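Novice: Take this structure first; my questions come after.
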Amino acid sequence: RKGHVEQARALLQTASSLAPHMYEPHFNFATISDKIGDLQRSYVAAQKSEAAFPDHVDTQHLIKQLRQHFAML
Amino acid sequence: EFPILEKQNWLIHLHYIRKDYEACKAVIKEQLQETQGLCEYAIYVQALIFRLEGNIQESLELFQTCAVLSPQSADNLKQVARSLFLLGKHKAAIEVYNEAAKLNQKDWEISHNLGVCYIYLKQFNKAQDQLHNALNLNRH
Amino acid sequence: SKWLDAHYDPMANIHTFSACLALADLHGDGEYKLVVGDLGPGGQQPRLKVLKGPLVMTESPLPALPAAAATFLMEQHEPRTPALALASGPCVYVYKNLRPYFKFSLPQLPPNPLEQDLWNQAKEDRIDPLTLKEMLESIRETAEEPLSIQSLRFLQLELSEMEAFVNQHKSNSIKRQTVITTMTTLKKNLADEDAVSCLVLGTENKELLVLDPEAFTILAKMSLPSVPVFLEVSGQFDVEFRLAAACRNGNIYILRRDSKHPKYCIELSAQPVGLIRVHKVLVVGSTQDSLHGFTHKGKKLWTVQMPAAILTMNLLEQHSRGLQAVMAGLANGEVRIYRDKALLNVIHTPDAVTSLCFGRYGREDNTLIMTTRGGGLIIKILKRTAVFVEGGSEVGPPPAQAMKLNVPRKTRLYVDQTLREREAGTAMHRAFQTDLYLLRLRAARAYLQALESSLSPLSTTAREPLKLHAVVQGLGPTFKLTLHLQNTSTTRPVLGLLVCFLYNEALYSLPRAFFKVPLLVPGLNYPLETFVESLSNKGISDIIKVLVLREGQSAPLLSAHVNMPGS
């Protein structure tokens with residue numbers, strides 16, 4: 001909310017490694033690392049936000065947002 | 001005859017266009033082992049399968065091998081810089097697009113990917129004309 | 001608007017494509033005999049198969065993996081059926097009543113003369129290993145013109161083999177073949193079927209050959225900048241000739257009558273899976289399942305989306321009704337049929353279909369043959385009474401009552417609570433503030449109680465966090481403690497810090513106890529492991545500090561690790 005992007009992206013990086021369940025850091029990684037543009041780590045982020053909690057809405061609007069970028073333009 | 005017939009790419013392109021990625025990986029392993037090595041299209045579509053799965057770090061070094069076997073081709077030096085647009089390294093990619101922008105002119109998407117990679121930077125004014133350059137050649 | 005199930009044979013083994021099936025009369029009679037270039041169930045040897053009735057008629061081995069199948073006329077000599085053509089490798093094998101003859105050869109385009117200087121220097125025992133390997137690097141790197149089907153293995157050979165092949169590698173007379181990809185039929189000299197047919201061949205050298213009946217020399221030659229895999233022709237000759245071809249680069253290329261250059265180019269977003277024309281419009285199939293349509297010159301007309309992955313496309317042609325429709329063999333098993341913008345019918349029954357034709361089979365005039373993905377067969381037969389309708393209902397968005405305004409119900413236990421808030425609420429507001437005013441003080445007096453002691457695992461000046469954990473192998477008297485450092489800069493590597501952990505002396509040792517931390521790169525996380533050696537069963541918390549190099553002993557990021565009670 002303030003702007004400290006690199007500070008935030010390390011706390012979610014260590015929130016995930018403490019809880020290898022609980023989808024909420026995994027999905028929240030893939031809306032920081034998607035706005036920057038790193039669509040490779042922002043896939044494996046939003047990969048675990050499907051396996052740890054399926055039937056999420058805003059994960060299924062994000063994997064299909066990424067899989068259009070991966071095929072072609 | 002002895003050496004290789006060396007061209008069976010019409011079949012592998014039928015597998016990839018059918019999204020049968022499990023049978024296509026066999027023929028890629030088949031044709032590359034049938035030749036002594038360094039087949040071209042068996043390397044290329046194997047890199048285009050790993051780019052469909054998320055293994056973009058593995059779909060960049062295979063496009064480096066495909067950037068060696070034909071350096072006068074404007075495909076791979078364009079297709080490498082797509083695999084660098086996705087790994088986040090934006091400014092490294094805008095020169096490889098320029099590297100393919102000089103080996104071939106009047107191309108549509110190379111003057112378009114340079115547009116969208118500037119907007120993920122903060123340079124905006126020299127992005128707005130790039131899409132204008134990308135619209136007049138081909139509307140999309 | 002229905003069909004008739006002729007047979008259903010899911011035990012066969014027919015692995016093929018829609019490009020290598022054809023319907024013609026192999027014995028000259030009225031019986032149309034289906035012919036299939038069977039590849040192999042596990043990529044096996046290519047075996048030719050022909051069909052008579054619901055079972056096969058003759059099998060035959062093939063020299064290589066076949067590409068396509070067409071049937072071609074000679075002149076007015078006999079009124080027999082067009083003779084079958086079979087493209088396989090760089091040698092098409094024509095078949096006229098099962099007669100293997102005329103192995104046709106490709107023109108075998110010769111290499112570029114800069115390679116011919118390497119061809120002409122070592123054959124007179126003037127061979128050197130080093131300067132041959134550098135003269136080839138001046139050929140391929142400045143301007144290629146490589147023809148590297150054989151020239152690449154004419155150059156990649158190393159010191160040991162080439163000096164052992166000083167006579168052999170120069171006796172290898174290069175043939176320079178090029179493999180055919182696809183094959184189609186064009187009515188020669190006129191648009192009528194009574195005239196002879198004229199072959200069109202595209203091949204791996206991004207060139208479009210065109211052959212002649214009964215002589216088979218060359219008729220002309222076309223130039224395309226990309227390798228073609230799907231092509232068709234409108235079919236006229238001597239006044240106008242439109243040759244359309246799709247390529248591996250995801251483009252649509254069309255050709256004029258005698259101008260041997262792509263006059264008009266139109267593109268898609270992805271690879272077209274099939275190129276079929278209609279009477280005047282031309283449709284494609286994208287692998288993003290967006291079946292387009294383009295006119296004679298080629299512009300955007302209409303687009304139908306398909307709810308599954310396209311796998312086969314073909315042309316429907318009824319001689320009686322005159323209906324020109326386009327097939328679409330989908331991935332789940334259905335076969336959707338389309339006119340310009342209308343779904344005609346579907347057939348939901350079998351599994352995934354790879355091969356599809358629609359013509360007359362034998363005596364019956366309406367046959368639409370399909371093929372399972374496993375290799376079996378399934379045959380449909382149209383009846384004379386059925387004409388194809390839309391016959392489509394009005395499928396709406398939401399006709400289901402699955403969720404009718406899901407709202408929870410507020411009982412009596414809430415509606416009495418709003419009366420307590422309505423009259424005595426003014427005392428409740430001042431009760432919140434003066435209890436929250438102690439809360440800001442109690443937090444900040446406990447915040448600054450640890451910030452000055454720097455207990456927090458976060459920092460701002462030297463910008464790393466510190467996470468730490470007890471690992472699974474750390475159990476019992478032995479105990480292992482990992483530690484995780486990682487910089488949060490982009491380009492500022494922090495340099496040579498110190499990690500030391502003061503701790504109240506229990507009966508464990510931790511023999512190093514004072515490290516020098518490596519140079520932290522921006523981005524990677526560092527595992528740092530120790531070895532607690534506890535002797536008996538206790539539990540007491542450690543405090544692990546990290547310091548700046550020499551001056552500041554203020555100890556940022558000291559993490560009071562709480563230990564587990566070991567045995």
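Just remember, in the structure tokens the first chain shown is A, the second B, etc., residues are 1-based per chain, and ligands are 1-based in the order shown.
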For residue 62 in chain B, work out the shell of residues within 12 Å, counting only C-alpha atoms and skipping chain neighbours fewer than 2 positions away, then give it as a list in words.

Specialist: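 Residues meeting the cut-off are residues 38, 40, 41, 42, 43, 44, 45, 46, 47, 48, 49, 50, 51, 55, 56, 57, 58, 59, 60, 64, 65, 66, 67, 68, 69, 76, 79, 80 and 83 of chain B.
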
Novice: Filtering to N, CA, C and O atoms, could you give me those residues as a tab-separated table (two decimals), in the first residue's frame?

Specialist:
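See result37.tsv below for the written result:
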chain	number	residue	atom	x	y	z
B	38	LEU	N	22.39	-32.32	-34.00
B	38	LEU	CA	22.19	-30.94	-34.47
B	38	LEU	C	21.12	-30.81	-35.57
B	38	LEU	O	21.29	-30.10	-36.56
B	40	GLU	N	17.54	-29.30	-36.82
B	40	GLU	CA	17.10	-27.93	-36.62
B	40	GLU	C	15.70	-27.87	-36.03
B	40	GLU	O	15.49	-27.31	-34.95
B	41	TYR	N	14.71	-28.43	-36.73
B	41	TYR	CA	13.33	-28.24	-36.32
B	41	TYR	C	12.98	-29.10	-35.12
B	41	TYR	O	12.01	-28.81	-34.41
B	42	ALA	N	13.74	-30.17	-34.88
B	42	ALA	CA	13.52	-30.96	-33.68
B	42	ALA	C	13.96	-30.20	-32.44
B	42	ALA	O	13.46	-30.44	-31.34
B	43	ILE	N	14.91	-29.28	-32.59
B	43	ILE	CA	15.31	-28.44	-31.47
B	43	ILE	C	14.28	-27.33	-31.26
B	43	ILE	O	13.91	-27.02	-30.12
B	44	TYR	N	13.76	-26.78	-32.36
B	44	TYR	CA	12.93	-25.58	-32.29
B	44	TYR	C	11.58	-25.87	-31.63
B	44	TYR	O	11.17	-25.14	-30.72
B	45	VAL	N	10.90	-26.92	-32.06
B	45	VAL	CA	9.57	-27.17	-31.51
B	45	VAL	C	9.67	-27.82	-30.14
B	45	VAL	O	8.71	-27.78	-29.36
B	46	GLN	N	10.81	-28.42	-29.82
B	46	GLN	CA	11.03	-28.87	-28.45
B	46	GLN	C	11.18	-27.69	-27.51
B	46	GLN	O	10.81	-27.77	-26.33
B	47	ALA	N	11.70	-26.57	-28.01
B	47	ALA	CA	11.72	-25.35	-27.22
B	47	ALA	C	10.37	-24.68	-27.20
B	47	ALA	O	10.08	-23.91	-26.29
B	48	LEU	N	9.53	-24.94	-28.19
B	48	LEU	CA	8.19	-24.37	-28.18
B	48	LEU	C	7.21	-25.22	-27.39
B	48	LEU	O	6.08	-24.78	-27.16
B	49	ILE	N	7.60	-26.42	-26.98
B	49	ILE	CA	6.79	-27.21	-26.06
B	49	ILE	C	7.08	-26.83	-24.62
B	49	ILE	O	6.16	-26.67	-23.82
B	50	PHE	N	8.36	-26.65	-24.28
B	50	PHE	CA	8.74	-26.20	-22.95
B	50	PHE	C	8.25	-24.79	-22.65
B	50	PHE	O	8.06	-24.45	-21.49
B	51	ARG	N	8.05	-23.97	-23.68
B	51	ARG	CA	7.48	-22.65	-23.49
B	51	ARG	C	5.97	-22.68	-23.32
B	51	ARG	O	5.37	-21.66	-23.00
B	55	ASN	N	8.41	-23.68	-18.52
B	55	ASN	CA	9.85	-23.86	-18.37
B	55	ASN	C	10.61	-22.91	-19.30
B	55	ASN	O	11.38	-23.31	-20.17
B	56	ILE	N	10.38	-21.61	-19.08
B	56	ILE	CA	10.93	-20.58	-19.95
B	56	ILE	C	12.43	-20.45	-19.79
B	56	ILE	O	13.14	-20.09	-20.74
B	57	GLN	N	12.96	-20.84	-18.63
B	57	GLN	CA	14.41	-20.91	-18.47
B	57	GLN	C	15.01	-22.01	-19.33
B	57	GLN	O	16.16	-21.89	-19.78
B	58	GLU	N	14.25	-23.06	-19.61
B	58	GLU	CA	14.70	-24.09	-20.53
B	58	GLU	C	14.32	-23.79	-21.97
B	58	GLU	O	14.91	-24.37	-22.89
B	59	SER	N	13.35	-22.91	-22.20
B	59	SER	CA	13.01	-22.44	-23.53
B	59	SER	C	13.77	-21.18	-23.91
B	59	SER	O	13.31	-20.42	-24.76
B	60	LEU	N	14.91	-20.93	-23.27
B	60	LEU	CA	15.81	-19.87	-23.68
B	60	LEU	C	17.17	-20.38	-24.10
B	60	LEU	O	17.75	-19.83	-25.04
B	64	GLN	N	18.94	-20.61	-27.86
B	64	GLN	CA	20.31	-20.17	-28.09
B	64	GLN	C	21.03	-21.11	-29.04
B	64	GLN	O	21.84	-20.67	-29.86
B	65	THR	N	20.76	-22.42	-28.93
B	65	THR	CA	21.29	-23.37	-29.89
B	65	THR	C	20.68	-23.14	-31.27
B	65	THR	O	21.40	-23.15	-32.29
B	66	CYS	N	19.38	-22.85	-31.33
B	66	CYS	CA	18.73	-22.52	-32.58
B	66	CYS	C	19.12	-21.15	-33.11
B	66	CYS	O	18.87	-20.86	-34.28
B	67	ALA	N	19.72	-20.29	-32.28
B	67	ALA	CA	20.29	-19.05	-32.77
B	67	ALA	C	21.68	-19.24	-33.35
B	67	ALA	O	22.22	-18.30	-33.94
B	68	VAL	N	22.26	-20.42	-33.18
B	68	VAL	CA	23.60	-20.68	-33.69
B	68	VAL	C	23.53	-21.25	-35.10
B	68	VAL	O	24.24	-20.79	-36.01
B	69	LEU	N	22.65	-22.22	-35.32
B	69	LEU	CA	22.63	-23.01	-36.55
B	69	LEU	C	22.16	-22.23	-37.77
B	69	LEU	O	22.32	-22.72	-38.89
B	76	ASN	N	14.70	-16.88	-35.29
B	76	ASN	CA	15.18	-17.25	-33.96
B	76	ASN	C	15.64	-16.04	-33.16
B	76	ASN	O	15.35	-15.94	-31.97
B	79	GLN	N	12.61	-14.86	-32.03
B	79	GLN	CA	11.97	-15.80	-31.12
B	79	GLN	C	12.74	-15.97	-29.82
B	79	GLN	O	12.16	-16.44	-28.83
B	80	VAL	N	14.02	-15.61	-29.78
B	80	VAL	CA	14.73	-15.53	-28.51
B	80	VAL	C	14.18	-14.38	-27.68
B	80	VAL	O	13.85	-14.55	-26.50
B	83	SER	N	11.25	-15.01	-25.62
B	83	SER	CA	11.56	-15.76	-24.41
B	83	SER	C	12.36	-14.95	-23.40
B	83	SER	O	12.59	-15.44	-22.29

Novice: For chain C against chain B, which residues fall within 7 Å using only C-alpha atoms, given as a list in words?

Specialist: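 Applying the cut-off to the listed atoms yields residues 141, 143, 144, 149, 179, 181, 271, 273, 287 and 311 of chain C.
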
Novice: Next, dump the selected residues to file, keeping only N, CA, C and O atoms, as an mmCIF file, in the first residue's frame.

Specialist:
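What ended up in selection-v5.cif:
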data_model
loop_
_atom_site.group_PDB
_atom_site.id
_atom_site.type_symbol
_atom_site.label_atom_id
_atom_site.label_comp_id
_atom_site.auth_asym_id
_atom_site.auth_seq_id
_atom_site.Cartn_x
_atom_site.Cartn_y
_atom_site.Cartn_z
ATOM 1 N N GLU C 141 28.525 -17.932 -42.203
ATOM 2 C CA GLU C 141 28.340 -16.828 -41.269
ATOM 3 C C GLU C 141 28.138 -15.478 -41.940
ATOM 4 O O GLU C 141 27.469 -14.613 -41.366
ATOM 5 N N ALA C 143 26.900 -14.820 -45.471
ATOM 6 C CA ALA C 143 25.590 -15.019 -46.080
ATOM 7 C C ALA C 143 25.462 -16.510 -46.335
ATOM 8 O O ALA C 143 26.292 -17.080 -47.050
ATOM 9 N N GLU C 144 24.448 -17.132 -45.731
ATOM 10 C CA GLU C 144 24.385 -18.585 -45.622
ATOM 11 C C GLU C 144 24.257 -19.320 -46.959
ATOM 12 O O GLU C 144 25.251 -19.895 -47.420
ATOM 13 N N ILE C 149 21.079 -29.800 -45.504
ATOM 14 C CA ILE C 149 20.617 -31.177 -45.345
ATOM 15 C C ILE C 149 21.800 -32.136 -45.408
ATOM 16 O O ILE C 149 21.924 -33.054 -44.587
ATOM 17 N N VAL C 179 12.380 -33.262 -49.340
ATOM 18 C CA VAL C 179 11.238 -34.121 -49.051
ATOM 19 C C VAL C 179 9.946 -33.367 -49.334
ATOM 20 O O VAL C 179 9.794 -32.202 -48.952
ATOM 21 N N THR C 181 6.127 -32.412 -48.755
ATOM 22 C CA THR C 181 5.256 -32.335 -47.590
ATOM 23 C C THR C 181 3.807 -32.651 -47.924
ATOM 24 O O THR C 181 3.160 -33.419 -47.212
ATOM 25 N N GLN C 271 -1.184 -21.166 -35.856
ATOM 26 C CA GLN C 271 -1.078 -22.113 -36.962
ATOM 27 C C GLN C 271 -2.453 -22.528 -37.460
ATOM 28 O O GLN C 271 -3.284 -22.968 -36.656
ATOM 29 N N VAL C 273 -4.948 -25.130 -38.771
ATOM 30 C CA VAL C 273 -4.986 -26.589 -38.721
ATOM 31 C C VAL C 273 -5.649 -27.190 -39.947
ATOM 32 O O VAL C 273 -5.726 -28.418 -40.058
ATOM 33 N N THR C 287 -5.596 -22.841 -34.128
ATOM 34 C CA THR C 287 -5.472 -23.743 -32.991
ATOM 35 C C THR C 287 -5.893 -23.096 -31.681
ATOM 36 O O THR C 287 -5.892 -23.771 -30.647
ATOM 37 N N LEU C 311 -9.324 -30.488 -34.407
ATOM 38 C CA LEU C 311 -8.370 -31.538 -34.716
ATOM 39 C C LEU C 311 -8.390 -31.981 -36.172
ATOM 40 O O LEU C 311 -7.364 -32.470 -36.655
#

Novice: Define the interface residues of chain B facing chain A as those within 6 Å, counting only C-alpha atoms, and report them as a tab-separated table (two decimals) with N, CA and C atoms, in the first residue's frame.

Specialist:
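Saved as iface-v2.tsv:
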chain	number	residue	atom	x	y	z
B	52	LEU	N	5.34	-23.83	-23.55
B	52	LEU	CA	3.92	-23.97	-23.28
B	52	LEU	C	3.67	-24.49	-21.88
B	86	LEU	N	9.46	-12.67	-21.37
B	86	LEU	CA	8.70	-13.37	-20.36
B	86	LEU	C	9.50	-13.65	-19.09
B	87	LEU	N	10.82	-13.68	-19.17
B	87	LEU	CA	11.61	-13.89	-17.97
B	87	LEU	C	11.81	-12.62	-17.16
B	88	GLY	N	11.19	-11.51	-17.55
B	88	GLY	CA	11.26	-10.28	-16.80
B	88	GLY	C	12.38	-9.35	-17.21

Novice: Please check the contacts: residues of chain C at most 8 Å away from chain A, using only C-alpha atoms, listed as a PyMOL selection string.

Specialist: chain C and resi 269-270+465+467+488-489

Novice: Please compute the CA of residue 296 in chain C-CA of residue 282 in chain C distance, one decimal, in Å.

Specialist: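 About the pair CA of residue 296 in chain C and CA of residue 282 in chain C: they are 7.4 Å apart.
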
Novice: Write out as number ranges by chain each polymer residue whose atoms come within 9 Å of residue 156 in chain C, counting only C-alpha atoms; drop sequence neighbours fewer than 4 positions from it.

Specialist: C: 133, 151-152

Novice: Deliver the residues from the most recent selection as a file, using N, CA, C and O atoms, as an mmCIF file, in the first residue's frame.

Specialist:
data_model
loop_
_atom_site.group_PDB
_atom_site.id
_atom_site.type_symbol
_atom_site.label_atom_id
_atom_site.label_comp_id
_atom_site.auth_asym_id
_atom_site.auth_seq_id
_atom_site.Cartn_x
_atom_site.Cartn_y
_atom_site.Cartn_z
ATOM 1 N N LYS C 133 38.130 -26.254 -41.807
ATOM 2 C CA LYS C 133 37.187 -25.931 -40.744
ATOM 3 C C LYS C 133 37.001 -24.431 -40.561
ATOM 4 O O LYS C 133 36.068 -24.016 -39.866
ATOM 5 N N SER C 151 25.138 -30.596 -46.682
ATOM 6 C CA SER C 151 26.321 -29.747 -46.570
ATOM 7 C C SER C 151 26.757 -29.556 -45.122
ATOM 8 O O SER C 151 27.949 -29.359 -44.863
ATOM 9 N N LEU C 152 25.820 -29.634 -44.172
ATOM 10 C CA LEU C 152 26.184 -29.520 -42.761
ATOM 11 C C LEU C 152 26.946 -30.752 -42.290
ATOM 12 O O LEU C 152 27.949 -30.636 -41.578
#

Novice: When DSSP works through the backbone of this structure, what residues of chain B end up as helix (DSSP H, G or I), shown as a ChimeraX atom specification?

Specialist: /B:9-16,21-34,41-53,58-65,76-83,90-103,110-119,125-137

Novice: Quick one: residues within 10 Å of range 504-513 of chain C, only C-alpha atoms, excluding same-chain residues fewer than 5 positions away - as a ChimeraX atom specification?

Specialist: /C:477-481,499,530-544

Novice: If you measure from CA of residue 14 in chain C to CA of residue 80 in chain C, what distance in Å do you get, rounded to one decimal?

Specialist: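 Separation of CA of residue 14 in chain C and CA of residue 80 in chain C: 28.2 Å.
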
Novice: Just want the 8 Å neighbourhood of range 169-173 of chain C, counted on only C-alpha atoms, with same-chain residues fewer than 3 positions away dropped. Output as JSON, numbers by chain.

Specialist: {"C": [119, 122, 123, 154, 162, 165, 166]}

Novice: Tell me, as an MDAnalysis selection string, which residues lie within 10 Å of residue 190 in chain C, counting only C-alpha atoms; anything in the same chain fewer than 6 positions away does not count.

Specialist: chainID C and resid 196:197 235:240

Novice: Excluding residue 67 in chain C and any residue of its chain fewer than 2 positions from it, enumerate the residues within 7 Å of it, using only C-alpha atoms, and give them as a list in words.

Specialist: residues 20, 65, 87, 88, 181 and 182 of chain C

Novice: In Å, with one decimal, what is the gap from CA of residue 366 in chain C to CA of residue 322 in chain C?

Specialist: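 Separation of CA of residue 366 in chain C and CA of residue 322 in chain C: 12.5 Å.
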
Novice: From a backbone DSSP assignment, name each residue in range 133-275 of chain C labelled strand (DSSP E or B), as a PyMOL selection string.

Specialist: chain C and resi 180-187+197-203+207-210+220-223+228-233+243-247+251-255+264-267+272-275
